[PDB]
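>>> part one of the complex, left exactly where it sits:
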Amino acid sequence: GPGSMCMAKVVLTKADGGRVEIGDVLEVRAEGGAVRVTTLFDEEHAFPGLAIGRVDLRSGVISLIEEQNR
């Protein structure tokens, strides 16, 4: 495979129209009308109004999508 190894990364778009990325994730979950995600920094994030849309293991990218379209 590739010349080195890393954990996955998350990417999302806010209701503000801005974007956020989270590197070195240990886990991601769709739960309670939100996405939760946890890192090797012992930090945990939460993003309401999202769901897990795509997982691309060729590059380790996890793309989130808005669960509402209104």
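Arrived safely. Numbers count the residues shown, from 1 in each chain, chains lettered A, B, ... in the order given.

>>> measure residue A:53 to residue A:2 for me?
24 Å (Cβ to Cβ, to the nearest Å). Every C-beta, even on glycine, is put in place using the N, C-alpha and C of the backbone.

>>> So for these two, which sits in the more crowded spot?
residue A:53 (15 against 8; other Cβ atoms under 10 Å).

>>> and the gap between the more buried one and residue A:13?
11 Å.

>>> likewise residue A:1?
The value you get for residue A:1 to residue A:13, if Cβ to Cβ is used, is 30 Å.

>>> the more surrounded of the two?
Higher neighbour count among residue A:1 and residue A:13: residue A:13, with 14 against 5, using other Cβ under 10 Å.

>>> add chain B to the structure above, sequence below:
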Amino acid sequence: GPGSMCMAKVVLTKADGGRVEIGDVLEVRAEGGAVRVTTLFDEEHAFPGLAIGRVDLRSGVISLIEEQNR
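Take a look at chain B, now in place beside the chains above:
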């Protein structure tokens, strides 16, 4: 090298109470009404009524859940 990236694996539960797995996946996608997933064999799969529930990077397990709970 030594050390290199490796593919995830998917798990899901059927309406019969049995379970199904897909090993060494290149990609997984959700479309709200279904999940779809592709392997290193150039073989692709589809599962209506599911969505992506979690991605656990500690083990490489992707787990699917039912898109309605009613």
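
>>> after the host helix or strand of residue A:51, next one along is what?
If you go by DSSP states H and E, residue A:51 is part of strand A:50-56. Remark: after strand A:50-56, the chain's next helix or strand is strand A:61-66, criterion DSSP H and E.

>>> on that earlier part again, which residues touch the strand holding residue A:51?
A:8, A:12, A:28, A:30, A:34-35, A:61-67, B:8, B:26-30, B:51-55, B:62 (Cβ atoms under 8 Å, 6 or more residues apart in numbering or on different chains).

>>> Name the residues of chain A found near chain B, please.
A:1-8, A:25-30, A:51-58, A:60, A:62, A:65 (Cβ under 8 Å from any Cβ of the partner chain).
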